[PDB]
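Reading through the structure tokens given below for one structure.
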Amino acid sequence: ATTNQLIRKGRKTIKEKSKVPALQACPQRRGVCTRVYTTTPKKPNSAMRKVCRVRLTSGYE
Amino acid sequence: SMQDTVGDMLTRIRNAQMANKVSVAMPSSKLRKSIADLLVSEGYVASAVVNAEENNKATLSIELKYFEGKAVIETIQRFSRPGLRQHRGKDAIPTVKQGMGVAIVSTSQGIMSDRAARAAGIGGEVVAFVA
Amino acid sequence: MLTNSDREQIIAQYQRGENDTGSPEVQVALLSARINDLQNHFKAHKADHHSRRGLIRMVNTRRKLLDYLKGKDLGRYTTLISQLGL
RNA sequence: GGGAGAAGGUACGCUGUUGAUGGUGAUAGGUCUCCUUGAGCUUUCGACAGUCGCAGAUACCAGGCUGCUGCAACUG
RNA sequence: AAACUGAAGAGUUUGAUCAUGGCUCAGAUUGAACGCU
RNA sequence: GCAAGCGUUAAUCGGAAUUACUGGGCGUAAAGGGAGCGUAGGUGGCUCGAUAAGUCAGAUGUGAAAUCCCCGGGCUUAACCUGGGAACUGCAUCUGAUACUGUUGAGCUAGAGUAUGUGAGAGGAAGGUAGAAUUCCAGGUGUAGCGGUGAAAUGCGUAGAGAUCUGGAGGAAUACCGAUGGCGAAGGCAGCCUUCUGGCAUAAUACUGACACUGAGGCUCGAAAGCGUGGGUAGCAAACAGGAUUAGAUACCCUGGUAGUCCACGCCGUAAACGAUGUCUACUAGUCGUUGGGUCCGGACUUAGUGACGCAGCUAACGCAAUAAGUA
RNA sequence: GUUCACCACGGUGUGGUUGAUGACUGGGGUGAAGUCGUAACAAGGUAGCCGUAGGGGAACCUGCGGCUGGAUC
């Protein structure tokens, strides 16, 4: 990158999106539990992890 | 082609000192003579003379110095290049090696050291750092 | 191609000084004669891309010389392109 | 190339005033002749103002249009 | 007189290594929320 | 370890030099555009002047107060409040300086070009032609195999093959030379001859006088395969057919075999289009080859290419190393 | 008061842009000791890879050109 190249183009940073889109930049969010079940974990571990599919006030499920 | 005369001058000096040459010669110019004279009076090179050649041409020859077998000019880098010129005020001239080195400054009063320009209270184009 | 005789004819016609053969006018006149002469060859061998590269090069050089004259002496450039029909 | 007049809109009568304009060319000025001005007649586009009716392409005359799909390229 | 004082890295790819390179963490901050108090 | 708070979540900057201006990279880790020409632009030789726009300095006006910072003062301390400074990296207008950039006048020759003489070359385009060899066809001799493979078999052959000799048709490629040899911007380009034509290398003189470098968009060219139209069609050969092998064998091996490969004119626009290394310029130990020139006395030197080594330097290492991946 | 001019609402038509959905369908990913093979890494048992074309249940195979980021020589 020459100086002329930096002026003509300019270095841009990509802004990464949030890892918690369903919260909508809120600390917590209220939802209703649409399904309470258990599931198996990934390869190394073995258990019955307790999970709930919940539809939140933001419209996510 | 060659679009940085000052850069070429400093590059010739740097390569000659890395190769342990006694002297380095180039085509001359008043700007090159001003920079070489500043180097001489700063003590980085022994002498710099112009020999008038034919065809309205001139050769600038600089005798280098070595201390304990090492080159006196440790580092000589160009700061203001043709693609990005650097002009500073009297209170923004960058120091070299905490004042041990010299920032060659082109001011309205001519080529002079960074400390000389600071004493005169005048800025200019910071052309090189020699230490 | 052009011969030495007609090349010297062009030089003598576009002389700036005595036996100069290096001014923009004489260079552009020689280039124009050579290009107009090579148009005949390229009407015959139009698939000749390697020679056409050199023809394009002399067109580019003539254009650079004409720009240099336009920047140097405007009336001189206008008169020269007036004779050469460019 | 088209589709396409796709679809769909607006104006349209009469009266007065008014701008532009094509043709023909009497009368003059410089011989089945030429050039300039151009009377009378005539053509084609506008603008403004008014006016009547339910309605002005007022009668006769004079495309309905569109979407999806099968077939055959088409005129014949 | 002064306004001129400021800069730390770690884990994780390999049998091990150096490099590259992403991910993750230790900090500061808030008009904060939540949980325990 | 914090403490009337302590953790978690969300969010911003930091660490992240992880968009690198300060402050990174692109041979092999991600990364040089396939190559060129060139538009806007960016940048740009020497000398003497002018100007003072950039630049630098000074002055003035302004840059609100609060906040941040410094010196203090008042709250019991602190937070907080508060006086004066500093700062507000800025803008504007005058004045000065002229080293550099800009704009200009004149000059110069060293970068870049021109004229003239020699030289090498598979550089390009269009025609013609030669000699081997294959295939096919027609004959003479001749008789039982040929061909193919690791073996075979398919196949060809007593309707006479193969082998051998003699004629004919045709197409494609150009053994030897042949060479980290040459030429070309890259892609590429090999028989021989003519025609048309580009660049390059070289010695000296004369000439122009910075005319330069690079280059987004753009345009041109661009292996092979492929596509369109029209010809051609010997060999080779995708597909395809048969024979083998195999558990299977849509393969590898065998026997055939069509598009294609060839020509003309156009499209396509891609390759591990590679040196996985953009172009241009300067400088930096050396040794040995080779190509094209040149100059001296079989060598010596000097040039422009093209190779092999090898310091310093560089690199994560491998390695590069005047044809840099070194120093700019 | 009337009338004309300007004009908000509202209406008509015909397009553009974009969110959610949609039978079915294409590829991508994840998940177990599944089925078929064995394409690549060694010369990976036919060197591999790049472009392109044809073919094939599937990795892939074959042709043409290119590369070395190919061992044995």
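Throughout, a chain's letter reflects where its sequence line sits, starting with A, and its residues are numbered from 1. Just so it is clear, the values below take in all heavy atoms, side chains as well, and ignore hydrogens, waters and symmetry mates.
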Suppose you measure atom [atom1] in [N] against the same atom in [M]; what distance do you get, rounded to whole Å?
N: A173(F); M: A125(F); atom1: P; result: 14 Å
N: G199(F); M: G310(F); atom1: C1'; result: 36 Å
N: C254(F); M: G150(F); atom1: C1'; result: 13 Å
N: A122(F); M: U291(F); atom1: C1'; result: 16 Å
N: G37(G); M: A247(F); atom1: P; result: 13 Å

Can you find a side chain N or O atom of [X] that sits less than 4.0 Å from OP1 or OP2 on [N]?
X: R52(C); N: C37(F); answer: no
X: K90(B); N: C56(F); answer: no
X: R81(B); N: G44(F); answer: no
X: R57(C); N: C200(F); answer: yes
X: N19(C); N: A115(F); answer: no
X: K15(A); N: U12(F); answer: yes
X: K57(B); N: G45(F); answer: no
X: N20(B); N: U284(F); answer: no

Salt-bridged, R88(B) to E125(B), with N to O below 4.0 Å?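 Answer for the salt bridge query: no.
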
Once pairs are restricted to Watson-Crick or G-U wobble with both distances under 3.5 Å, how does RNA chain E read as a dot-bracket string, [ ] for crossings and | for other-strand pairs? ........((((.........)))).||.|.|||||.

Considering Watson-Crick and G-U wobble pairs with both distances under 3.5 Å, what does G96(F) pair with? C56(F)

Given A212(F), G124(F), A115(F), the nucleotide with the shortest approach to the side chain of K64(C): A212(F)

Pairwise salt bridge (charged side-chain N to carboxylate O under 4.0 Å, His left out) hits with a residue in residues 37-64 of chain C, at least two apart: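 For residues 37-64 of chain C: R63(C)-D67(C).
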
Distances for protein N/O vs nucleotides 218-224 of chain F N/O pairs under 3.5 angstrom?
none

hbond_proxy [X] side chain to [N] base (donor-acceptor, 3.5 Å cutoff):
X: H50(C); N: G187(F); answer: yes
X: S51(C); N: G199(F); answer: no
X: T107(B); N: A99(F); answer: no
X: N4(A); N: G42(F); answer: no
X: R11(A); N: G23(F); answer: no
X: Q109(B); N: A97(F); answer: no

Could I get the full list of side-chain hydrogen bond (donor to acceptor under 3.5 Å, both in side chains) partners for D6(C), not counting sequence neighbours? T3(C)

Protein N or O to nucleotides 20-29 of chain E N or O, pairs below 3.5 Å:
none

Would the number of heavy atoms belonging to other residues, nucleotides or ligands and lying under 6.0 Å from CZ of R29(A) be above 12? yes

Table please: side-chain donor-acceptor pairs of residues 1-16 of chain A below 3.5 Å, with sequence neighbours left out.
from  : atom 1 : to     : atom 2 : distance (Å)
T2(A) : OG1    : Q5(A)  : N      : 3.1
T3(A) : OG1    : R81(B) : NH2    : 2.5
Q5(A) : OE1    : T2(A)  : N      : 3.0

Starting at [atom1] of [X] and ending at [atom2] of [N], how long is that distance when rounded to a whole Å?
X: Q5(A); N: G41(F); atom1: CD; atom2: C1'; result: 13 Å
X: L60(B); N: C46(F); atom1: CG; atom2: P; result: 13 Å
X: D37(C); N: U197(F); atom1: CG; atom2: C1'; result: 10 Å
X: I111(B); N: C56(F); atom1: CD1; atom2: P; result: 15 Å
X: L66(C); N: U39(F); atom1: CG; atom2: P; result: 13 Å
X: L31(C); N: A112(F); atom1: CG; atom2: P; result: 18 Å

With a cut-off of 3.5 Å and sequence neighbours excluded, list every side-chain donor-acceptor pair involving residues 22-31 of chain C.
from   : atom 1 : to     : atom 2 : distance (Å)
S23(C) : OG     : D20(C) : OD2    : 2.3
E25(C) : OE2    : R76(C) : NH1    : 3.0
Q27(C) : NE2    : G22(C) : O      : 3.1

Considering every strand and a 4.0 Å limit on heavy-atom distances, what is the contact class for [X]: base, sugar-phosphate, or nothing?
X: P24(C); result: sugar-phosphate
X: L6(A); result: sugar-phosphate
X: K42(A); result: nothing

Indicate yes if the six-membered rings of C4(E) and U5(E) are centred less than 5.5 Å apart and inclined by less than 30°, otherwise no.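 For these two strand neighbours, the answer is no: their six-membered rings do not meet both cut-offs.
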
Counting C-beta onward and ignoring hydrogens, is there a side-chain heavy-atom pair between [X] and [Y] closer than 4.5 Å?
X: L55(C); Y: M58(C); result: yes
X: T59(B); Y: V50(B); result: no
X: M9(B); Y: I62(B); result: yes

Residues in side-chain contact (heavy atoms from CB on, under 4.5 Å) contact with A33(C), at least two apart in sequence or another chain: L2(C), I10(C)

Taking only residues two or more places apart in sequence, or in another chain, which ones meet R30(A) in a side-chain contact (heavy atoms from CB on, under 4.5 Å)?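 With neighbours one apart ignored, the set is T57(A).
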
Please tabulate, one pair per line, each protein N/O and nucleotide N/O from nucleotides 325-328 of chain F that are separated by under 3.5 Å, including the distance.
from    : atom 1 : to     : atom 2 : distance (Å)
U327(F) : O2'    : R14(B) : NH1    : 2.9
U327(F) : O2'    : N15(B) : OD1    : 3.2
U327(F) : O2     : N15(B) : ND2    : 3.1
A328(F) : OP1    : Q77(B) : NE2    : 2.9
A328(F) : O5'    : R14(B) : NH1    : 3.4
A328(F) : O5'    : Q77(B) : NE2    : 3.1
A328(F) : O2'    : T11(B) : OG1    : 3.0

At under 4.0 Å between heavy atoms, which parts of nucleotides 31-36 of chain F does protein reach? Answer with one letter per nucleotide, 5' to 3': B base, S sugar-phosphate only, - none. -----S

Find every protein N or O atom lying less than 3.5 Å from an N or O atom of nucleotides 100-107 of chain F, and list the pairs.
from    : atom 1 : to      : atom 2 : distance (Å)
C100(F) : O2'    : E125(B) : OE1    : 2.8

